[PDB]
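**Student:** My structure is in target28.csv, and what it holds is CSV, C-alpha atoms and all ligand atoms:
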```csv
chain,number,residue,atom,x,y,z
A,57,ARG,CA,70.0,23.7,-56.0
A,58,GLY,CA,70.0,21.1,-53.2
A,59,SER,CA,72.8,22.0,-50.8
A,60,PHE,CA,72.2,19.3,-48.1
A,61,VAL,CA,72.9,16.1,-50.1
A,62,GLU,CA,74.3,14.4,-46.9
A,63,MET,CA,70.8,14.6,-45.3
A,64,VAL,CA,68.5,14.3,-48.3
A,65,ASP,CA,66.6,10.9,-48.2
A,66,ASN,CA,67.7,10.1,-44.6
A,67,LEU,CA,64.1,9.1,-43.4
A,68,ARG,CA,62.2,5.9,-43.8
A,69,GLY,CA,58.6,4.9,-42.6
A,70,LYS,CA,55.0,6.0,-43.4
A,71,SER,CA,52.2,8.0,-41.9
A,72,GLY,CA,50.6,5.3,-39.8
A,73,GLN,CA,53.8,3.8,-38.2
A,74,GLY,CA,55.9,7.0,-38.2
A,75,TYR,CA,59.0,8.4,-40.0
A,76,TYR,CA,62.4,7.7,-38.5
A,77,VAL,CA,66.0,8.7,-38.8
A,78,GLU,CA,69.1,6.6,-38.0
A,79,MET,CA,71.0,7.8,-34.9
A,80,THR,CA,73.9,6.5,-32.8
A,81,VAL,CA,74.1,6.6,-29.0
A,82,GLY,CA,77.1,5.8,-26.7
A,83,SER,CA,80.7,4.7,-27.0
A,84,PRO,CA,81.2,2.6,-29.0
A,85,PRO,CA,78.2,3.9,-31.1
A,86,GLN,CA,75.0,1.9,-30.8
A,87,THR,CA,72.9,2.3,-33.9
A,88,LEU,CA,69.1,2.9,-33.4
A,89,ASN,CA,66.2,4.0,-35.6
A,90,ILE,CA,64.5,7.0,-34.0
A,91,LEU,CA,61.0,8.4,-34.8
A,92,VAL,CA,61.0,12.1,-35.7
A,93,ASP,CA,58.4,13.7,-33.3
A,94,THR,CA,57.7,17.4,-33.6
A,95,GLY,CA,54.9,16.9,-31.0
A,96,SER,CA,57.1,16.1,-27.9
A,97,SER,CA,60.4,17.2,-26.4
A,98,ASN,CA,62.2,14.1,-24.9
A,99,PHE,CA,64.8,11.9,-26.6
A,100,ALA,CA,63.5,8.6,-25.3
A,101,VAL,CA,64.8,5.2,-26.4
A,102,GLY,CA,63.9,1.6,-25.6
A,103,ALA,CA,66.5,0.4,-23.1
A,104,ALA,CA,65.1,-3.1,-22.1
A,105,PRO,CA,63.7,-6.1,-24.1
A,106,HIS,CA,60.3,-5.5,-25.6
A,107,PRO,CA,58.3,-7.9,-28.0
A,108,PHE,CA,58.3,-5.2,-30.7
A,109,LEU,CA,62.0,-4.3,-30.5
A,110,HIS,CA,64.9,-6.2,-32.2
A,111,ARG,CA,67.5,-3.9,-30.5
A,112,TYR,CA,67.7,-1.4,-27.7
A,113,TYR,CA,70.0,1.0,-25.9
A,114,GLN,CA,72.4,-0.9,-23.6
A,115,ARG,CA,73.7,1.7,-21.1
A,116,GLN,CA,76.2,-0.8,-19.5
A,117,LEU,CA,78.0,-1.1,-22.9
A,118,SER,CA,78.6,2.6,-23.3
A,119,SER,CA,81.7,4.1,-21.6
A,120,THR,CA,80.2,7.6,-22.0
A,121,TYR,CA,76.9,6.8,-20.4
A,122,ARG,CA,76.2,9.1,-17.4
A,123,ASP,CA,73.4,8.2,-14.9
A,124,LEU,CA,71.3,11.1,-13.7
A,125,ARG,CA,69.8,8.9,-11.0
A,126,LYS,CA,66.2,10.1,-11.8
A,127,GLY,CA,63.1,8.4,-13.1
A,128,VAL,CA,60.6,9.9,-15.6
A,129,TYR,CA,56.9,8.9,-16.0
A,130,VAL,CA,55.2,10.1,-19.1
A,131,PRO,CA,51.4,9.3,-19.4
A,132,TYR,CA,49.6,10.5,-22.6
A,133,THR,CA,46.1,9.9,-24.1
A,134,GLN,CA,46.9,6.6,-25.9
A,135,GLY,CA,49.3,5.2,-23.2
A,136,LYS,CA,52.6,5.9,-21.4
A,137,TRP,CA,56.3,5.6,-21.4
A,138,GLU,CA,58.5,5.4,-18.2
A,139,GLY,CA,62.2,5.3,-17.9
A,140,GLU,CA,65.5,6.4,-16.3
A,141,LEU,CA,67.3,9.7,-17.2
A,142,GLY,CA,70.9,10.0,-18.2
A,143,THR,CA,73.2,11.5,-20.8
A,144,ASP,CA,75.4,10.1,-23.5
A,145,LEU,CA,77.2,11.1,-26.8
A,146,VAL,CA,74.7,11.1,-29.7
A,147,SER,CA,75.3,11.4,-33.5
A,148,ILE,CA,73.1,11.4,-36.6
A,149,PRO,CA,75.1,9.4,-39.3
A,150,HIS,CA,73.1,11.1,-42.2
A,151,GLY,CA,73.0,14.4,-40.5
A,152,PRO,CA,75.5,17.1,-39.4
A,153,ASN,CA,79.0,15.8,-38.9
A,154,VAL,CA,78.9,16.5,-35.1
A,155,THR,CA,78.6,14.5,-31.9
A,156,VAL,CA,76.8,16.0,-29.0
A,157,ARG,CA,76.3,15.3,-25.3
A,158,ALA,CA,72.5,14.9,-24.9
A,159,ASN,CA,69.9,13.8,-22.4
A,160,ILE,CA,68.5,10.3,-23.0
A,161,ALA,CA,65.5,8.7,-21.3
A,162,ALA,CA,66.2,5.0,-21.2
A,163,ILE,CA,62.6,3.5,-21.5
A,164,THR,CA,62.1,0.6,-19.1
A,165,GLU,CA,58.3,0.2,-19.2
A,166,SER,CA,55.6,1.3,-21.7
A,167,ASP,CA,52.1,0.8,-22.9
A,168,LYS,CA,50.9,1.6,-26.4
A,169,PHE,CA,54.2,3.4,-27.2
A,170,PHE,CA,56.1,1.1,-29.5
A,171,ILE,CA,54.5,0.0,-32.8
A,172,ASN,CA,54.8,-3.6,-34.0
A,173,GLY,CA,56.8,-3.7,-37.3
A,174,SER,CA,57.6,0.1,-37.3
A,175,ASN,CA,61.4,-0.5,-37.4
A,176,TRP,CA,62.0,2.3,-34.8
A,177,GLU,CA,63.3,1.9,-31.2
A,178,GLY,CA,62.9,5.4,-29.8
A,179,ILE,CA,61.6,8.9,-30.4
A,180,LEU,CA,63.3,12.2,-31.0
A,181,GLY,CA,61.2,15.0,-29.4
A,182,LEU,CA,61.9,18.1,-31.5
A,183,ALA,CA,59.6,20.6,-29.7
A,184,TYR,CA,60.5,23.0,-26.9
A,185,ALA,CA,61.7,22.6,-23.3
A,186,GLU,CA,58.3,23.7,-21.9
A,187,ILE,CA,56.8,20.3,-22.6
A,188,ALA,CA,59.9,18.2,-21.8
A,189,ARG,CA,59.4,15.6,-19.0
A,190,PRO,CA,59.7,15.6,-16.0
A,191,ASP,CA,60.1,19.4,-16.5
A,192,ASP,CA,61.7,22.2,-18.6
A,193,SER,CA,65.1,21.8,-17.0
A,194,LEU,CA,65.7,18.6,-19.1
A,195,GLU,CA,67.3,20.2,-22.1
A,196,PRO,CA,65.8,18.7,-25.4
A,197,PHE,CA,68.1,17.2,-28.0
A,198,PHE,CA,67.9,20.1,-30.6
A,199,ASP,CA,68.7,22.7,-27.9
A,200,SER,CA,71.8,20.6,-26.9
A,201,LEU,CA,72.7,20.3,-30.6
A,202,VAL,CA,72.5,24.1,-31.2
A,203,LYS,CA,74.3,25.1,-27.9
A,204,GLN,CA,77.2,22.6,-28.5
A,205,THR,CA,77.9,23.0,-32.3
A,206,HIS,CA,77.6,25.7,-35.0
A,207,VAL,CA,74.5,24.0,-36.4
A,208,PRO,CA,71.9,26.8,-37.3
A,209,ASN,CA,68.7,26.8,-35.0
A,210,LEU,CA,66.4,25.4,-37.7
A,211,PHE,CA,65.4,22.0,-39.2
A,212,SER,CA,63.1,21.1,-42.0
A,213,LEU,CA,61.0,18.0,-42.8
A,214,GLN,CA,59.9,16.4,-46.1
A,215,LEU,CA,57.7,13.4,-45.2
A,216,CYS,CA,57.0,11.3,-48.3
A,217,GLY,CA,53.8,9.3,-48.5
A,218,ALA,CA,54.1,6.7,-51.2
A,219,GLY,CA,50.4,7.0,-52.3
A,220,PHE,CA,50.0,3.2,-52.1
A,221,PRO,CA,50.6,0.5,-49.5
A,222,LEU,CA,54.2,-0.6,-48.9
A,223,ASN,CA,54.7,-4.2,-47.6
A,224,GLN,CA,57.3,-5.0,-44.9
A,225,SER,CA,60.2,-5.4,-47.4
A,226,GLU,CA,59.3,-2.4,-49.5
A,227,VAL,CA,59.0,0.0,-46.5
A,228,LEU,CA,62.5,-1.1,-45.3
A,229,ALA,CA,64.0,-0.5,-48.8
A,230,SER,CA,62.1,2.7,-49.6
A,231,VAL,CA,63.1,6.4,-49.0
A,232,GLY,CA,60.5,8.0,-46.7
A,233,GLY,CA,61.7,11.5,-46.8
A,234,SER,CA,64.3,14.0,-45.5
A,235,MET,CA,65.1,15.7,-42.2
A,236,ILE,CA,67.5,18.6,-43.0
A,237,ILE,CA,69.2,19.6,-39.8
A,238,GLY,CA,70.4,23.3,-39.8
A,239,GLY,CA,69.0,24.3,-43.1
A,240,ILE,CA,66.6,24.3,-46.1
A,241,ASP,CA,67.2,22.1,-49.1
A,242,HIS,CA,65.7,23.8,-52.2
A,243,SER,CA,65.4,20.5,-54.2
A,244,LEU,CA,62.6,19.3,-51.7
A,245,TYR,CA,59.9,21.8,-52.7
A,246,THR,CA,58.4,23.7,-55.6
A,247,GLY,CA,57.1,27.3,-55.6
A,248,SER,CA,57.6,29.6,-52.7
A,249,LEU,CA,57.9,29.1,-48.9
A,250,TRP,CA,55.2,30.9,-46.9
A,251,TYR,CA,55.8,31.4,-43.1
A,252,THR,CA,53.4,31.4,-40.2
A,253,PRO,CA,54.5,32.6,-36.7
A,254,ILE,CA,55.1,30.1,-34.0
A,255,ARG,CA,52.5,31.5,-31.5
A,256,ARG,CA,54.3,30.2,-28.4
A,257,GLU,CA,57.4,27.9,-28.0
A,258,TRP,CA,56.1,24.7,-26.3
A,259,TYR,CA,54.5,22.6,-29.1
A,260,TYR,CA,55.0,24.0,-32.6
A,261,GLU,CA,51.8,26.1,-32.1
A,262,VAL,CA,50.2,27.9,-35.1
A,263,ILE,CA,47.0,29.9,-35.7
A,264,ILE,CA,44.5,28.8,-38.4
A,265,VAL,CA,42.4,31.8,-39.6
A,266,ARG,CA,40.0,30.3,-42.2
A,267,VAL,CA,39.0,26.8,-43.5
A,268,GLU,CA,37.6,25.9,-46.9
A,269,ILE,CA,36.3,22.7,-48.4
A,270,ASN,CA,36.5,23.0,-52.2
A,271,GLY,CA,36.7,26.8,-51.8
A,272,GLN,CA,33.5,26.8,-49.6
A,273,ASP,CA,34.1,28.6,-46.3
A,274,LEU,CA,33.4,26.4,-43.3
A,275,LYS,CA,32.2,29.8,-41.8
A,276,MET,CA,32.9,29.0,-38.1
A,277,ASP,CA,34.3,31.6,-35.6
A,278,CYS,CA,38.1,31.2,-36.2
A,279,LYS,CA,38.7,30.6,-32.5
A,280,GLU,CA,36.9,27.2,-33.0
A,281,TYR,CA,39.7,26.1,-35.4
A,282,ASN,CA,42.4,26.7,-32.6
A,283,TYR,CA,40.4,25.5,-29.6
A,284,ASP,CA,42.4,24.9,-27.4
A,285,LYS,CA,45.5,25.1,-29.7
A,286,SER,CA,46.7,24.2,-33.2
A,287,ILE,CA,50.0,22.3,-33.5
A,288,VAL,CA,52.2,20.7,-36.2
A,289,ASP,CA,52.9,17.1,-35.1
A,290,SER,CA,54.9,14.5,-37.1
A,291,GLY,CA,54.2,12.0,-34.2
A,292,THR,CA,50.4,12.0,-35.0
A,293,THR,CA,49.1,10.3,-38.2
A,294,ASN,CA,45.8,12.2,-38.9
A,295,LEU,CA,44.7,15.7,-39.4
A,296,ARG,CA,42.8,16.0,-36.0
A,297,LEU,CA,40.2,18.7,-35.6
A,298,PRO,CA,38.3,20.0,-32.5
A,299,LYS,CA,34.9,18.3,-32.1
A,300,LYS,CA,32.7,21.1,-33.5
A,301,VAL,CA,35.2,21.8,-36.5
A,302,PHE,CA,35.3,18.0,-37.2
A,303,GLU,CA,31.5,17.8,-37.3
A,304,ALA,CA,31.2,20.8,-39.7
A,305,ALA,CA,34.2,19.6,-41.9
A,306,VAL,CA,32.8,16.0,-42.2
A,307,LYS,CA,29.4,17.3,-43.1
A,308,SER,CA,30.9,19.5,-45.9
A,309,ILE,CA,33.3,16.6,-47.1
A,310,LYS,CA,30.2,14.3,-47.2
A,311,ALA,CA,28.2,16.8,-49.2
A,312,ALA,CA,31.0,17.4,-51.7
A,313,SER,CA,31.5,13.6,-52.2
A,314,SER,CA,27.8,12.8,-52.1
A,315,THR,CA,27.8,11.1,-55.5
A,316,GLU,CA,29.0,8.1,-53.5
A,317,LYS,CA,27.8,7.0,-50.1
A,318,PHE,CA,30.3,5.8,-47.5
A,319,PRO,CA,29.5,3.8,-44.3
A,320,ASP,CA,29.6,5.6,-40.9
A,321,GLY,CA,32.7,3.5,-40.0
A,322,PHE,CA,34.6,5.1,-42.8
A,323,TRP,CA,33.9,8.6,-41.6
A,324,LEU,CA,34.9,7.6,-38.0
A,325,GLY,CA,38.3,6.6,-39.5
A,326,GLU,CA,37.8,2.9,-38.4
A,327,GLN,CA,36.8,1.1,-41.7
A,328,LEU,CA,38.6,1.0,-45.0
A,329,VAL,CA,36.9,1.9,-48.3
A,330,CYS,CA,38.1,0.0,-51.5
A,331,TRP,CA,37.9,0.6,-55.2
A,332,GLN,CA,38.9,-1.6,-58.2
A,333,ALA,CA,42.6,-1.1,-59.0
A,334,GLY,CA,43.3,2.4,-60.3
A,335,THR,CA,39.7,3.6,-60.1
A,336,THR,CA,39.8,5.6,-56.9
A,337,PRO,CA,37.5,8.5,-57.6
A,338,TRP,CA,39.8,11.3,-56.4
A,339,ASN,CA,37.8,13.9,-58.3
A,340,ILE,CA,34.6,13.4,-56.1
A,341,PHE,CA,36.5,14.3,-52.9
A,342,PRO,CA,37.2,17.9,-52.1
A,343,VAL,CA,40.4,19.8,-51.6
A,344,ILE,CA,40.8,21.3,-48.0
A,345,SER,CA,42.4,24.7,-47.5
A,346,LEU,CA,43.8,25.8,-44.2
A,347,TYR,CA,44.6,29.5,-44.0
A,348,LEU,CA,47.4,30.4,-41.6
A,349,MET,CA,48.4,33.7,-40.0
A,350,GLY,CA,51.1,35.4,-42.1
A,351,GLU,CA,54.3,37.2,-40.9
A,352,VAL,CA,52.9,40.6,-42.2
A,353,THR,CA,50.1,42.4,-40.3
A,354,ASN,CA,46.6,41.6,-41.7
A,355,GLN,CA,48.0,39.0,-44.1
A,356,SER,CA,47.4,35.3,-44.3
A,357,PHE,CA,48.3,32.5,-46.7
A,358,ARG,CA,46.7,29.1,-47.5
A,359,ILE,CA,47.9,25.5,-47.7
A,360,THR,CA,45.7,23.2,-49.8
A,361,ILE,CA,45.6,19.4,-49.5
A,362,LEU,CA,44.1,16.8,-51.7
A,363,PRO,CA,42.2,13.6,-50.9
A,364,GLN,CA,45.6,11.9,-51.9
A,365,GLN,CA,46.8,13.3,-48.5
A,366,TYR,CA,43.7,12.8,-46.3
A,367,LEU,CA,42.8,9.3,-47.6
A,368,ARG,CA,45.6,7.0,-46.2
A,369,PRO,CA,46.5,4.0,-48.3
A,370,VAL,CA,46.0,0.6,-46.5
A,371,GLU,CA,46.1,-3.0,-47.7
A,372,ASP,CA,42.7,-4.8,-47.8
A,376,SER,CA,42.8,-8.4,-53.3
A,377,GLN,CA,44.1,-6.1,-56.0
A,378,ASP,CA,41.8,-3.3,-54.9
A,379,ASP,CA,43.1,0.2,-53.9
A,380,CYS,CA,42.0,0.8,-50.3
A,381,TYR,CA,42.1,3.7,-47.9
A,382,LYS,CA,41.2,4.9,-44.4
A,383,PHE,CA,39.8,8.4,-43.8
A,384,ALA,CA,42.7,10.2,-42.0
A,385,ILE,CA,40.8,13.1,-40.5
A,386,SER,CA,39.5,12.5,-36.9
A,387,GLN,CA,38.1,14.3,-33.9
A,388,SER,CA,40.1,15.9,-31.1
A,389,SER,CA,39.3,17.2,-27.6
A,390,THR,CA,42.8,18.9,-27.4
A,391,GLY,CA,42.9,21.2,-30.4
A,392,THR,CA,43.8,20.9,-34.1
A,393,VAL,CA,46.8,18.5,-34.9
A,394,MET,CA,48.4,18.8,-38.3
A,395,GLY,CA,49.7,15.2,-38.4
A,396,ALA,CA,51.8,13.3,-40.8
A,397,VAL,CA,49.1,12.9,-43.5
A,398,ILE,CA,49.0,16.8,-43.8
A,399,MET,CA,52.8,17.1,-43.6
A,400,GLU,CA,53.2,14.7,-46.5
A,401,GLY,CA,51.8,17.4,-48.8
A,402,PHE,CA,54.5,19.9,-47.8
A,403,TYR,CA,58.1,20.7,-47.1
A,404,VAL,CA,57.9,22.1,-43.6
A,405,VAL,CA,60.5,24.4,-42.2
A,406,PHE,CA,60.8,24.6,-38.4
A,407,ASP,CA,62.5,28.0,-38.2
A,408,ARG,CA,63.2,28.1,-34.5
A,409,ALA,CA,65.7,31.0,-34.9
A,410,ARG,CA,63.0,33.3,-36.4
A,411,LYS,CA,60.0,31.7,-34.4
A,412,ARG,CA,58.2,30.7,-37.6
A,413,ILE,CA,57.1,27.6,-39.6
A,414,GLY,CA,57.4,27.6,-43.3
A,415,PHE,CA,55.3,25.6,-45.8
A,416,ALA,CA,55.9,24.9,-49.5
A,417,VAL,CA,54.5,22.3,-51.9
A,418,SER,CA,56.5,19.1,-51.4
A,419,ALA,CA,58.4,17.8,-54.4
A,420,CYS,CA,57.2,14.3,-53.2
A,421,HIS,CA,53.5,15.0,-52.6
A,422,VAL,CA,51.0,12.5,-54.1
A,423,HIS,CA,48.6,14.1,-56.7
A,424,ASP,CA,46.8,13.4,-60.0
A,425,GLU,CA,46.9,15.0,-63.4
A,426,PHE,CA,44.1,17.5,-62.6
A,427,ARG,CA,44.9,18.8,-59.1
A,428,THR,CA,48.0,19.5,-57.0
A,429,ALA,CA,48.6,20.5,-53.3
A,430,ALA,CA,49.3,24.3,-53.1
A,431,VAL,CA,50.8,27.0,-50.8
A,432,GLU,CA,49.4,30.4,-51.9
A,433,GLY,CA,49.2,34.0,-50.8
A,434,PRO,CA,48.8,36.7,-49.7
A,435,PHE,CA,45.2,37.2,-48.5
A,436,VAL,CA,44.0,40.2,-46.5
A,437,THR,CA,42.7,38.8,-43.2
A,438,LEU,CA,41.7,41.0,-40.2
A,439,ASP,CA,41.8,40.4,-36.4
A,440,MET,CA,43.8,37.2,-36.7
A,441,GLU,CA,45.0,37.5,-33.1
A,442,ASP,CA,41.3,36.9,-32.1
A,443,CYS,CA,41.6,33.4,-33.7
A,444,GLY,CA,44.0,32.3,-31.0
A,445,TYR,CA,42.5,30.7,-27.9
A,446,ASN,CA,43.4,31.8,-24.3
A,447,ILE,CA,42.9,29.9,-20.9
B,1,LIG,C1,50.7,12.5,-30.1
B,1,LIG,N1,52.0,12.2,-29.5
B,1,LIG,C2,53.2,12.5,-30.0
B,1,LIG,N2,53.4,13.3,-31.0
B,1,LIG,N3,54.2,12.0,-29.2
B,1,LIG,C3,53.6,11.3,-28.1
B,1,LIG,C4,54.0,11.9,-26.7
B,1,LIG,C5,53.4,13.3,-26.5
B,1,LIG,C6,54.0,14.1,-25.4
B,1,LIG,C7,53.7,15.6,-25.5
B,1,LIG,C8,54.2,16.4,-24.4
B,1,LIG,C9,53.8,15.8,-23.0
B,1,LIG,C10,54.1,14.4,-22.9
B,1,LIG,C11,53.5,13.5,-24.0
B,1,LIG,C12,54.0,9.8,-28.0
B,1,LIG,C13,53.8,9.0,-29.3
B,1,LIG,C14,55.1,8.9,-30.0
B,1,LIG,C15,55.0,8.2,-31.4
B,1,LIG,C16,54.4,6.8,-31.1
B,1,LIG,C17,53.1,6.9,-30.4
B,1,LIG,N4,52.5,5.6,-30.2
B,1,LIG,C18,51.1,5.4,-30.4
B,1,LIG,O1,50.3,6.3,-30.6
B,1,LIG,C19,50.7,4.0,-30.3
B,1,LIG,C20,49.3,3.8,-30.1
B,1,LIG,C21,48.9,2.5,-30.0
B,1,LIG,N5,49.7,1.4,-30.1
B,1,LIG,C22,51.0,1.7,-30.2
B,1,LIG,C23,51.5,3.0,-30.3
B,1,LIG,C24,53.2,7.6,-29.1
B,1,LIG,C25,52.1,11.4,-28.4
B,1,LIG,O2,51.2,11.0,-27.7
```
Starting from the coordinates I provided, produce the structure as structure tokens.

**Tutor:**
Amino acid sequence: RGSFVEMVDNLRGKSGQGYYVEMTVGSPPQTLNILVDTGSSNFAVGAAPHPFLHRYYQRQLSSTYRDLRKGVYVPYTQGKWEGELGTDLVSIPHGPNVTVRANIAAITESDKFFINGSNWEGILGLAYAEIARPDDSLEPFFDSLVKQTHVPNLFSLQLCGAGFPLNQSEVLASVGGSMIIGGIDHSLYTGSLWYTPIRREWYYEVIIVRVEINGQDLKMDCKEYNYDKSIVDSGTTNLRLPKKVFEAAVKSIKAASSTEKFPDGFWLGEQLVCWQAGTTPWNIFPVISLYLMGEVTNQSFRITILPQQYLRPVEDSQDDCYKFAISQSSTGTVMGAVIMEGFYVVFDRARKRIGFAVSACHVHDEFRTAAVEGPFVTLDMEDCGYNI
């Protein structure tokens, strides 16, 4: 049974441009589309004209706007966002039937933040206060939601990749998934939910204990897989892996798929690869299994993704084209949107754990499916975690 009908199918978007939910801010309510970001902790919205925005938060039109008289400067690898802090009344129309008083960062300047044609005007940082900007005293949205209402301290995400390119009109008309606030909807997954501990409450940090490519053990010291951390991030497109892990994984993926040669640009995630309509050779590409620490001592489980997850559909012709959605990182593993598209992911903050189950909307073929399986006996899993 699906017990959260009001929130099912409340997301739109895609892996490369982000998945967003409708929200309202202020009095009278101002409707805005907001990217769901499990990799950050600020509710930050466009609040001034920008070439990529067709609407923005107008503080002067909200009777409930409260100015905190404080600026916030947020540089990150790709760019930055800057703004002015305040609070206002916020609601999620296809969400819990509540209105909360929340912090809002009114974005006034940015670089490589907004995405042209993404249809979103701000981001909802769903991670913990530790990584909120300027500091941990700026209460994140979800913390405000839980404190002010009877909403359970849990949310779950079903990000639905279409498996093919969606043009501008299609991506606006299409259901991109669900964000269930305060619960788990059983219609969004098949099989069982398996839980991994949240190692520390800052990002949604997890511990990977083993990696396989078509069942072949990558055989690295498991600390390498979590160097310097492993996180679950809906605000990142790719599966990102630490340099050494990336080099070993790409070697193994190349070897498994060696019946076809792909240019260096494809493996660097820059160049698309194309096949005649319907002839994508899924079977030559391997499945990838990530083993995660379990809730029981010396127990792990595995999540298995297909090339239908790690090859991202892009438009070129009538050919079926893709980009390789696995890339190198110098800041740890990032389980981005392309990985999350395979699974229904439960962010169980109350029980400091993340659940994974096979998504009812994952893209697959008639011969293979994504999987979530366990248990496996795995020793010294705490040693897989990186310190300092
Ligand atoms: C990974 N990642 C993420 N999950 N959220 C941010 C902020 C991280 C935050 C973590 C805690 C400390 C402070 C920083 C922000 C991201 C939001 C989605 C749109 C993105 N836009 C682009 O990447 C982009 C790139 C190029 N052109 C346009 C847009 C930018 C980020 O870098």

**Student:** Counting only C-alpha atoms and all ligand atoms, which residue out of A:260, A:435, A:60, A:318 sits closest to ligand LIG 1 (chain B)?

**Tutor:** A:260

**Student:** With 12 Å as the threshold, what does the neighbourhood of (34.9, 7.0, -42.4) contain in terms of residues, counting all atoms listed in the file? Coordinates are those of the file; answer as a list in words.

**Tutor:**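 Looking at atoms near the point gives residues 306, 307, 309, 310, 317, 318, 319, 320, 321, 322, 323, 324, 325, 326, 327, 328, 329, 330, 366, 367, 368, 381, 382, 383, 384, 385, 386 and 387 of chain A.
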
**Student:** Please list as a PyMOL selection string every residue within 7 Å of residue 345 in chain A, counting all atoms listed in the file and excluding residues in the same chain fewer than 5 positions away.

**Tutor:** chain A and resi 267-269+358-361

**Student:** Counting all atoms listed in the file, which protein, DNA or RNA residues come within 8 Å of ligand LIG 1 (chain B), given as a compact mmCIF listing (two decimals) with C-alpha atoms, in the coordinates of the input?

**Tutor:**
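Final output, saved to out.txt:
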```txt
# COMPACT_ATOMS: atom_id res chain seq x y z
CA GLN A 73 53.80 3.80 -38.20
CA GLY A 74 55.90 7.00 -38.20
CA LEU A 91 61.00 8.40 -34.80
CA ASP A 93 58.40 13.70 -33.30
CA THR A 94 57.70 17.40 -33.60
CA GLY A 95 54.90 16.90 -31.00
CA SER A 96 57.10 16.10 -27.90
CA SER A 97 60.40 17.20 -26.40
CA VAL A 130 55.20 10.10 -19.10
CA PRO A 131 51.40 9.30 -19.40
CA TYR A 132 49.60 10.50 -22.60
CA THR A 133 46.10 9.90 -24.10
CA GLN A 134 46.90 6.60 -25.90
CA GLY A 135 49.30 5.20 -23.20
CA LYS A 136 52.60 5.90 -21.40
CA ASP A 167 52.10 0.80 -22.90
CA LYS A 168 50.90 1.60 -26.40
CA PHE A 169 54.20 3.40 -27.20
CA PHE A 170 56.10 1.10 -29.50
CA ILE A 171 54.50 0.00 -32.80
CA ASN A 172 54.80 -3.60 -34.00
CA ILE A 179 61.60 8.90 -30.40
CA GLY A 181 61.20 15.00 -29.40
CA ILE A 187 56.80 20.30 -22.60
CA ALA A 188 59.90 18.20 -21.80
CA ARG A 189 59.40 15.60 -19.00
CA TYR A 259 54.50 22.60 -29.10
CA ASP A 289 52.90 17.10 -35.10
CA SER A 290 54.90 14.50 -37.10
CA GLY A 291 54.20 12.00 -34.20
CA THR A 292 50.40 12.00 -35.00
```

**Student:** Which residues of range 316-405 of chain A come within 6 Å of range 215-236 of chain A, and for each one, what is the closest pair of atoms and their distance in Å to one decimal, counting all atoms listed in the file, sorted by chain and residue number, as a tab-separated table?

**Tutor:**
```
residue	atom	partner	partner_atom	distance
A:369	CA	A:220	CA	5.2
A:370	CA	A:221	CA	5.5
A:371	CA	A:221	CA	6.0
A:400	CA	A:215	CA	4.9
```

**Student:** Hey, can you check how far CA of residue 209 in chain A sits from CA of residue 392 in chain A?

**Tutor:**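 Separation between CA of residue 209 in chain A and CA of residue 392 in chain A: 25.6 Å.
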
**Student:** Check the smallest atom-to-atom distance from each of A:302, A:176, A:415, A:245 to residue 357 in chain A using all atoms listed in the file, then report the winner.

**Tutor:** A:415

**Student:** Neighbours of residue 403 in chain A within 12 Å (only C-alpha atoms; same-chain residues fewer than 4 positions away dropped), as a PyMOL selection string?

**Tutor:** chain A and resi 211-216+233-236+240-251+359+396+398-399+413-421+429-431

**Student:** Could you save those same residues with C-alpha atoms as an mmCIF file, keeping the file's coordinate frame?

**Tutor:**
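Written out: part.cif:
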```
data_model
loop_
_atom_site.group_PDB
_atom_site.id
_atom_site.type_symbol
_atom_site.label_atom_id
_atom_site.label_comp_id
_atom_site.auth_asym_id
_atom_site.auth_seq_id
_atom_site.Cartn_x
_atom_site.Cartn_y
_atom_site.Cartn_z
ATOM 1 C CA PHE A 211 65.400 22.000 -39.200
ATOM 2 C CA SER A 212 63.100 21.100 -42.000
ATOM 3 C CA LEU A 213 61.000 18.000 -42.800
ATOM 4 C CA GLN A 214 59.900 16.400 -46.100
ATOM 5 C CA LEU A 215 57.700 13.400 -45.200
ATOM 6 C CA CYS A 216 57.000 11.300 -48.300
ATOM 7 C CA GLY A 233 61.700 11.500 -46.800
ATOM 8 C CA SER A 234 64.300 14.000 -45.500
ATOM 9 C CA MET A 235 65.100 15.700 -42.200
ATOM 10 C CA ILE A 236 67.500 18.600 -43.000
ATOM 11 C CA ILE A 240 66.600 24.300 -46.100
ATOM 12 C CA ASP A 241 67.200 22.100 -49.100
ATOM 13 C CA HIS A 242 65.700 23.800 -52.200
ATOM 14 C CA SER A 243 65.400 20.500 -54.200
ATOM 15 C CA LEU A 244 62.600 19.300 -51.700
ATOM 16 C CA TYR A 245 59.900 21.800 -52.700
ATOM 17 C CA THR A 246 58.400 23.700 -55.600
ATOM 18 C CA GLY A 247 57.100 27.300 -55.600
ATOM 19 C CA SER A 248 57.600 29.600 -52.700
ATOM 20 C CA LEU A 249 57.900 29.100 -48.900
ATOM 21 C CA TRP A 250 55.200 30.900 -46.900
ATOM 22 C CA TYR A 251 55.800 31.400 -43.100
ATOM 23 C CA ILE A 359 47.900 25.500 -47.700
ATOM 24 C CA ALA A 396 51.800 13.300 -40.800
ATOM 25 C CA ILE A 398 49.000 16.800 -43.800
ATOM 26 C CA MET A 399 52.800 17.100 -43.600
ATOM 27 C CA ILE A 413 57.100 27.600 -39.600
ATOM 28 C CA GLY A 414 57.400 27.600 -43.300
ATOM 29 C CA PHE A 415 55.300 25.600 -45.800
ATOM 30 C CA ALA A 416 55.900 24.900 -49.500
ATOM 31 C CA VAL A 417 54.500 22.300 -51.900
ATOM 32 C CA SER A 418 56.500 19.100 -51.400
ATOM 33 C CA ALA A 419 58.400 17.800 -54.400
ATOM 34 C CA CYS A 420 57.200 14.300 -53.200
ATOM 35 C CA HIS A 421 53.500 15.000 -52.600
ATOM 36 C CA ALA A 429 48.600 20.500 -53.300
ATOM 37 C CA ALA A 430 49.300 24.300 -53.100
ATOM 38 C CA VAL A 431 50.800 27.000 -50.800
#
```
